[PDB]
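Remarks on the structure that follows.
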Amino acid sequence: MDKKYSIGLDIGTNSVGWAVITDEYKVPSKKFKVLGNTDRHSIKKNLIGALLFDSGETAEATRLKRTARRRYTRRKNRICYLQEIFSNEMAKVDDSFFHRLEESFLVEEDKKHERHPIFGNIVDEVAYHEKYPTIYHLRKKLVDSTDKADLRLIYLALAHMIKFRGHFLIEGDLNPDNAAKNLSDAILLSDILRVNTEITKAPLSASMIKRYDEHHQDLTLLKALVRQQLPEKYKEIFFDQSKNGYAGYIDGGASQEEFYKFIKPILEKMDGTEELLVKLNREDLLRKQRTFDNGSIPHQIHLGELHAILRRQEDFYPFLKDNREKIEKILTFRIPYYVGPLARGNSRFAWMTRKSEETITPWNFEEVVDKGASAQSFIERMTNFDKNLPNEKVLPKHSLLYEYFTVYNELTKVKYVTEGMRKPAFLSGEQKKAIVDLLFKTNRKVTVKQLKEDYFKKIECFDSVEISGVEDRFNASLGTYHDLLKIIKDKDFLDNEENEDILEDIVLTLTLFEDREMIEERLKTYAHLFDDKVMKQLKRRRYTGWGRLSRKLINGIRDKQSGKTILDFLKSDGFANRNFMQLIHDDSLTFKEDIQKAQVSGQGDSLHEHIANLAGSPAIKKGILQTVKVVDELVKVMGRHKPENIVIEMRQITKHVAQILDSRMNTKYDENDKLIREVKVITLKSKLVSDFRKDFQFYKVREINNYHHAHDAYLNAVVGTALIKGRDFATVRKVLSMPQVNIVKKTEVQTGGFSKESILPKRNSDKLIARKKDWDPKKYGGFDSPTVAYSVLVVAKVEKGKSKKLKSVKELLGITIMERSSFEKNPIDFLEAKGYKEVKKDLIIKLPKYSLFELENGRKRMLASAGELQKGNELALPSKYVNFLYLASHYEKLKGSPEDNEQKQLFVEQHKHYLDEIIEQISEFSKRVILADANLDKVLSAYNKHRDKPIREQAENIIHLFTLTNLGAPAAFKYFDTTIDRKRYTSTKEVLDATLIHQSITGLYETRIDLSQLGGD
DNA sequence: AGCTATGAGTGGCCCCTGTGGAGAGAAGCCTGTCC
DNA sequence: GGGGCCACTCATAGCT
RNA sequence: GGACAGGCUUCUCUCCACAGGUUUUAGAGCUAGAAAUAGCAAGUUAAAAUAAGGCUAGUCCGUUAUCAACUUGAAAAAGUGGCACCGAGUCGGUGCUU
């Protein structure tokens, strides 16, 4: 006999509750086989549980970092282009200059050439640094001086300008000397560059030099004043790097804001600090040259300085004169946003169409990359396909055909009432055409009043007309038709159906592109039909937005019997006058049959595909996938007999989950090709279950344990079955008080960044990771704290001691994400590289994160990483304590009748002895499985100290207390005024003799491996 | 004894950031018309 | 939020 | 229940750029003192890297999603675990089939 049963589900962002109920609301318990090498061959478990997993993440960070990588690569490419241009002449002046620049990061020992990068001799380096303290002095010198300068300094200036060329937020050419545009540019440049009194061709360099000079003067003044009045604080301000003083502001990591915050109170304590304080209020005291404000500098200033240098120094160096435009274009060029990556087919993010297989360089970008086709592909891929015809692209919203479709569809259901007419009548096709020609082609917006006054009253000679279905105006508007009539000024050209394709292409071109040059290029094909004025006016009009119906759907598909399209039927359909919905749903026409052919159901469709097609944050998609797998495994458990009812609650996403479950469950088709719905998919709202809990006193407290998800799923199923359909309440209370609930933490292999992104200074440690292959961390520093992908149990021998003696060992080794590929390629070589010898390959066990181990007395631990464990046991608290805690916590916030509130208050007051019982149970559970003796003693002392506090405060602080025994990583908590630090389990040796547990997604199937029998001494 | 080492434990600190431009879409609030 | 890392102090196992 | 149009908000995905931050090196520290150290001078900039690197050699790609165990599979993927009753502190006991 097949036992009828129903499955309840609770879907969240982090958990998926599942419960199996029979027709009598009982939860059956079955005896399951256990595999492995342990003696426990059979375990009895209840059919209720919850699944827990880490939340899914969005793709934002990956996109940001990928874009950053591309920017860095292209900047390096610009530098390489400049060096390639200069190489031939730099060979004659100083051959090894570029090698010195390239290897400057290395220490003195590892450098191949002389250590000084610029000149290679100390006297010239010192002279250069004295004459040009900052690069801006060199830039101004090269801008103004007419003397022949050393080519190396010219390269330094040009590279400095190219590498930091500035933003591109302003198009066109900008006048640095600043109609109303001149003033708008002048106030704009006022903040960018401040005060250029003496005439200088390069203003930015002059401003930076002014800032440096003011910095020097103010620093000298501050030193003098501090030394005169406050001798004791001189060392603190100018020597101590760990403070926020000037020493920390320059040689330390202190920011400008912190430096000002520290220095302001001291300045007020000294005399003669009026100017310094005024500057400090302006954020201009002792300011650096390289600050975060420079983000507002337009690239035109740098371009002007570059051009000035190239003009000044061209007479001495012939190669600069020939390559001036190349150097300028290196700075000015960027890849247009619609072009995308310049990938050669081998990138999934690419859409560029390349004309010739040459290498794309800034000097020949125009000749190689098809810009117009690239823009078309950029704007076409994102647009949604037509639902009725999945293989056809949708039309633009402002397309003429779309507007005609809307007008004819709206006029289809218009009813008019005249004198002598017993019933409202539909407008005929001739009437619709006449109305369109008279008003819709003459008025941008046509109102019901205008229609009645103009067409019925004047043409049809009807004095009184009543119209239904349209409210004071028609929504459809022929705005595009009016715009084209205004521009082209040819009514016959617009009214000719032979010109439909040309107008459609013109509208599509206007919608697709936003650069005027591309629009001009594509419209050039139709320049023979229009004059120059019409052509230029067309290039100015722009439309935005896309429609929902394709051209093939409206005017492309033709009925086999009649030959009319949907648009044609809307124009005239006889007495039927069927709208778009009726036309597509009419069985008498081939339209319905063609549409039914058009939809294709997924034949062997992958579930992940349809889930990815859904809309929403990826976390809910992960939850949906987990829910579906849970349902599949539950069906597998019950003998593959599909359940009668499925109740879910979480609303389009919920309906999508419902459709997925319906499609997977109900598949058999009857003799009439109709779906045989053996399984009913049910959607409920959590308000019903919440009211059910509040009415029948099934209170839940989320801070106690994780059983609440399973209880919510069980209540969902019970409520759904009861609604759609003493003993029942007793059964419910028995079920909700069960101690055994299957909680499973989904094991996941960690992925992501290799380690933390902060680069740390050099230090004698073996835990620093090199930034490059040849960069020893003891000399150059590097990254730290790699994230372990997964741990592997290793049984081998290690040479220990100074004598290098072989000792048999058994320990957990953590594989970092960086080494995952190398380890999976050949585990033996990787293990040998770490010093392990005589490795037994068959004993390598893959242990992902949150692997569950069992210990004595039922104590359980989950493997958080190679060196830290997490609590793995759930506290089973009797329901009466949960109810008392809920009632006491909301003691002053109960929402109900006064009699019920008084009854709850009395019940709280009478059972005050429950507090000591709760404390005792917490202590017993902690002593059994937590082993937090010091923290437990602190908790007990704090409870004893505050034993006279009001009941509500006691309950509120006790609710916080269950953080100690909660599943997962330990967390700190506050109990009254005393703070308890977290107890971390920083040793993994105890699990080397534990019983490893492998659990299926529901936890019903187990495979227990006892590691104590592996790798004995 | 006399000395060494080491691992084990405990307490505390640490974690890359700021912005601009272009486009495409759904989903949730309301109205109107329909199936 | 939670794992990694370091300074510090201690017991215990190891070697002489 | 779904579709179309109109008014508002939020979120999801892709591309182009910018400014910082961090790391090492270069910017001859001086004096007295064996040294510890004490005094004085100076401080604002620059080069390179910015996930190790990969082959498909591109001015491309590298942090999203997916993953209990055993057998078959490159992978996707497929296959593998008796029933009922009485009880309940992480599940136990009993009876039948086999």
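Lettering and numbering for the structure tokens are positional, with chains as A, B, ... in the shown order, residues counted from 1 in each chain, and ligands counted from 1 in the shown order.
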Output the contact residues of chain B with respect to chain A at a cut-off of 9 Å, based on only C-alpha atoms (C1' of nucleotides), as a count of residues only.
-> 18
Mind the document's chain letters and residue numbers, and return as number ranges by chain the residues of range 96-213 of chain A that DSSP labels alpha helix (DSSP H).
-> A: 97-102, 122-131, 135-144, 151-163, 180-192, 203-213
Considering only C-alpha atoms (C1' of nucleotides), extract the chain A residues located within 10 Å of chain C and return them as an NGL selection string.
-> :A and (756 or 767 or 784-787 or 864-865 or 867-868 or 969-971)
Using C-alpha atoms, can you export the residues from the last selection as a compact mmCIF listing (two decimals), in the first residue's frame?
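Output saved as again_6.txt:
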# COMPACT_ATOMS: atom_id res chain seq x y z
CA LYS A 756 44.05 39.66 1.87
CA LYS A 767 53.93 32.90 6.30
CA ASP A 784 49.31 37.36 4.00
CA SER A 785 46.53 35.09 5.31
CA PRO A 786 45.64 32.81 2.38
CA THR A 787 42.16 31.28 2.36
CA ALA A 864 36.03 25.48 9.70
CA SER A 865 39.58 25.38 8.31
CA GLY A 867 43.36 24.88 12.17
CA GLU A 868 40.04 25.94 13.70
CA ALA A 969 31.42 30.01 14.69
CA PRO A 970 31.64 31.33 18.27
CA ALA A 971 30.56 34.94 18.73
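Candidate residues D:8, D:76, D:52, D:57 were compared for distance to chain A, and the nearest is D:52, using only C-alpha atoms (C1' of nucleotides).
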Report as a PyMOL selection string the set of chain A residues whose atoms approach chain D to within 6 Å, with distances computed over only C-alpha atoms (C1' of nucleotides).
-> chain A and resi 33+59+62+101+104-105+116+134+167+288+292+295+337+340+343-344+739-740+752-753+759+780+998-1000
Print the selection's residues with N, CA, C and O atoms to a file, as a compact mmCIF listing (two decimals), in the first residue's frame.
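Below is the file result-v7.txt, written as the result:
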# COMPACT_ATOMS: atom_id res chain seq x y z
N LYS A 33 19.70 2.58 6.43
CA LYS A 33 20.98 1.88 6.41
C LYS A 33 22.13 2.88 6.48
O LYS A 33 22.06 3.97 5.91
N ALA A 59 27.82 39.35 -8.63
CA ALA A 59 29.00 39.41 -9.48
C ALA A 59 29.65 40.79 -9.53
O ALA A 59 30.53 41.01 -10.38
N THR A 62 33.65 40.97 -8.91
CA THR A 62 34.41 40.38 -9.99
C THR A 62 34.46 41.31 -11.20
O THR A 62 35.52 41.48 -11.82
N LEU A 101 65.19 51.80 -15.39
CA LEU A 101 63.82 52.14 -14.99
C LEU A 101 63.01 50.89 -14.68
O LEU A 101 62.23 50.88 -13.72
N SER A 104 63.96 49.02 -11.19
CA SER A 104 64.17 49.88 -10.03
C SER A 104 63.60 49.29 -8.75
O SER A 104 64.02 49.66 -7.65
N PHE A 105 62.64 48.37 -8.87
CA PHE A 105 61.99 47.83 -7.67
C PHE A 105 62.89 46.85 -6.92
O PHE A 105 62.67 46.60 -5.74
N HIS A 116 71.49 53.77 -9.34
CA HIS A 116 70.77 55.01 -9.57
C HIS A 116 70.00 54.93 -10.89
O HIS A 116 70.60 54.69 -11.94
N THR A 134 60.60 68.39 -7.43
CA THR A 134 59.42 67.64 -7.83
C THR A 134 59.30 67.65 -9.35
O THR A 134 59.87 68.51 -10.03
N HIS A 167 41.02 62.68 -16.45
CA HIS A 167 39.69 62.21 -16.79
C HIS A 167 39.23 62.75 -18.14
O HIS A 167 39.86 63.63 -18.74
N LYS A 288 50.00 68.29 0.48
CA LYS A 288 50.83 67.53 -0.44
C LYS A 288 50.51 67.90 -1.89
O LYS A 288 49.49 68.53 -2.19
N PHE A 292 44.03 63.60 -3.15
CA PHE A 292 42.80 63.05 -3.72
C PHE A 292 41.97 64.09 -4.47
O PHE A 292 41.02 63.71 -5.16
N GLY A 295 41.31 64.61 -8.85
CA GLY A 295 40.39 63.91 -9.72
C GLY A 295 39.56 64.80 -10.61
O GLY A 295 38.90 64.31 -11.54
N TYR A 337 33.09 53.03 -25.37
CA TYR A 337 32.41 52.11 -24.47
C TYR A 337 31.58 51.08 -25.22
O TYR A 337 31.43 49.95 -24.74
N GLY A 340 33.76 47.73 -26.75
CA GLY A 340 34.04 46.61 -25.89
C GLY A 340 35.47 46.15 -25.99
O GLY A 340 36.31 46.78 -26.64
N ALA A 343 38.95 41.70 -28.17
CA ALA A 343 39.29 40.29 -28.04
C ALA A 343 39.21 39.57 -29.37
O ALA A 343 38.40 39.92 -30.24
N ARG A 344 40.06 38.57 -29.53
CA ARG A 344 40.14 37.79 -30.76
C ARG A 344 39.34 36.50 -30.60
O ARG A 344 39.87 35.39 -30.67
N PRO A 739 12.99 16.08 20.02
CA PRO A 739 14.38 16.54 20.13
C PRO A 739 15.23 16.27 18.90
O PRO A 739 16.23 16.96 18.70
N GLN A 740 14.86 15.30 18.07
CA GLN A 740 15.69 14.87 16.95
C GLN A 740 15.19 15.54 15.68
O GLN A 740 14.13 15.21 15.16
N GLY A 752 37.52 32.22 -4.35
CA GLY A 752 37.61 33.67 -4.26
C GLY A 752 39.04 34.18 -4.35
O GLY A 752 39.87 33.60 -5.04
N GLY A 753 39.31 35.28 -3.65
CA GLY A 753 40.65 35.85 -3.68
C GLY A 753 41.65 34.94 -2.98
O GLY A 753 41.31 34.18 -2.07
N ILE A 759 49.20 44.79 1.30
CA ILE A 759 50.59 44.36 1.21
C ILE A 759 51.31 44.74 2.50
O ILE A 759 51.25 45.89 2.94
N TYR A 780 61.09 41.82 0.13
CA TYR A 780 60.13 42.70 -0.52
C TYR A 780 58.75 42.68 0.11
O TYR A 780 57.87 43.42 -0.34
N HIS A 998 29.64 11.59 6.50
CA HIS A 998 29.22 12.15 5.22
C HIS A 998 27.70 12.10 5.14
O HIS A 998 27.11 11.02 5.22
N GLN A 999 27.07 13.25 4.96
CA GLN A 999 25.62 13.36 4.96
C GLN A 999 25.12 13.78 3.59
O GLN A 999 25.69 14.68 2.96
N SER A 1000 24.04 13.15 3.13
CA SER A 1000 23.37 13.60 1.93
C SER A 1000 22.71 14.96 2.18
O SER A 1000 22.73 15.50 3.28
To test your reading of the structure, identify every residue in range 546-760 of chain A that backbone DSSP assigns to strand (DSSP E), and report it as a PDB file with C-alpha atoms, in the first residue's frame.
ATOM      1  CA  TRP A 546      11.985  49.208 -27.044  1.00  0.00           C
ATOM      2  CA  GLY A 547       8.649  47.500 -27.582  1.00  0.00           C
ATOM      3  CA  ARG A 548       7.384  44.040 -26.713  1.00  0.00           C
ATOM      4  CA  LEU A 549       6.191  42.666 -30.075  1.00  0.00           C
ATOM      5  CA  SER A 550       8.289  41.765 -33.106  1.00  0.00           C
ATOM      6  CA  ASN A 645       0.434  17.991  -1.891  1.00  0.00           C
ATOM      7  CA  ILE A 646       3.356  20.422  -1.842  1.00  0.00           C
ATOM      8  CA  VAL A 647       3.083  23.625   0.204  1.00  0.00           C
ATOM      9  CA  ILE A 648       5.628  26.426  -0.231  1.00  0.00           C
ATOM     10  CA  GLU A 649       5.893  29.988   1.077  1.00  0.00           C
ATOM     11  CA  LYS A 680      -0.857  20.034  -6.459  1.00  0.00           C
ATOM     12  CA  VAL A 681       1.541  22.950  -5.945  1.00  0.00           C
ATOM     13  CA  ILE A 682       0.325  25.353  -3.265  1.00  0.00           C
ATOM     14  CA  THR A 683       1.404  28.905  -2.411  1.00  0.00           C
ATOM     15  CA  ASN A 742      18.128  16.694  10.993  1.00  0.00           C
ATOM     16  CA  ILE A 743      20.194  19.876  10.618  1.00  0.00           C
ATOM     17  CA  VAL A 744      22.728  19.740   7.779  1.00  0.00           C
ATOM     18  CA  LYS A 745      25.404  22.336   7.062  1.00  0.00           C
TER      19      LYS A 745
END
So which residues touch residue 45 in chain A within 7 Å, counting only C-alpha atoms (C1' of nucleotides), skipping near sequence neighbours fewer than 5 positions away, as a ChimeraX atom specification?
-> /A:29-31 /D:91
Selection export as a PDB file, in the first residue's frame, atoms kept: N, CA, C and O atoms (P, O5', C5', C4', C3', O3' and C1' of nucleotides):
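What follows is the written file part.pdb:
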ATOM      1  N   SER A  29       8.666   8.087  11.077  1.00  0.00           N
ATOM      2  CA  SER A  29      10.065   7.821  11.372  1.00  0.00           C
ATOM      3  C   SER A  29      10.452   6.479  10.770  1.00  0.00           C
ATOM      4  O   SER A  29       9.753   5.480  10.960  1.00  0.00           O
ATOM      5  N   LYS A  30      11.567   6.458  10.046  1.00  0.00           N
ATOM      6  CA  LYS A  30      11.995   5.275   9.318  1.00  0.00           C
ATOM      7  C   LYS A  30      13.433   4.934   9.680  1.00  0.00           C
ATOM      8  O   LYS A  30      14.199   5.789  10.130  1.00  0.00           O
ATOM      9  N   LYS A  31      13.790   3.671   9.471  1.00  0.00           N
ATOM     10  CA  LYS A  31      15.101   3.158   9.843  1.00  0.00           C
ATOM     11  C   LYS A  31      15.960   3.053   8.588  1.00  0.00           C
ATOM     12  O   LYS A  31      15.594   2.356   7.636  1.00  0.00           O
TER      13      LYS A  31
ATOM     14  P     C D  91      20.978  11.134  16.334  1.00  0.00           P
ATOM     15  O5'   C D  91      19.626  10.353  16.024  1.00  0.00           O
ATOM     16  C5'   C D  91      19.541   8.946  16.190  1.00  0.00           C
ATOM     17  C4'   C D  91      19.045   8.579  17.565  1.00  0.00           C
ATOM     18  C3'   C D  91      18.537   7.155  17.732  1.00  0.00           C
ATOM     19  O3'   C D  91      19.579   6.214  17.915  1.00  0.00           O
ATOM     20  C1'   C D  91      17.001   8.660  18.709  1.00  0.00           C
TER      21        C D  91
END
Name all residues at most 9 Å from range 901-916 of chain A (count only C-alpha atoms (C1' of nucleotides); drop same-chain ones fewer than 3 positions away) and give them as a PyMOL selection string.
-> chain A and resi 881+884-885+887-888+891+894-898+919-921+951+954-955+958
What lies within 7 Å of residue 512 in chain A using only C-alpha atoms (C1' of nucleotides), ignoring chain neighbours under 3 positions off, as an MDAnalysis selection string?
-> chainID A and resid 376 379 508:509
Selection export as a PDB file, in the first residue's frame, atoms kept: N, CA and C atoms:
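Listing of result.pdb after writing:
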ATOM      1  N   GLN A 376      25.914  48.274 -33.098  1.00  0.00           N
ATOM      2  CA  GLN A 376      24.704  47.488 -33.310  1.00  0.00           C
ATOM      3  C   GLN A 376      24.704  46.241 -32.434  1.00  0.00           C
ATOM      4  N   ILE A 379      24.192  47.097 -28.678  1.00  0.00           N
ATOM      5  CA  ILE A 379      22.845  47.480 -28.266  1.00  0.00           C
ATOM      6  C   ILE A 379      21.825  46.381 -28.562  1.00  0.00           C
ATOM      7  N   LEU A 508      14.840  52.536 -36.713  1.00  0.00           N
ATOM      8  CA  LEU A 508      15.747  51.632 -36.018  1.00  0.00           C
ATOM      9  C   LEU A 508      17.129  52.254 -35.871  1.00  0.00           C
ATOM     10  N   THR A 509      17.619  52.907 -36.926  1.00  0.00           N
ATOM     11  CA  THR A 509      18.919  53.564 -36.859  1.00  0.00           C
ATOM     12  C   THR A 509      18.915  54.679 -35.822  1.00  0.00           C
TER      13      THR A 509
END
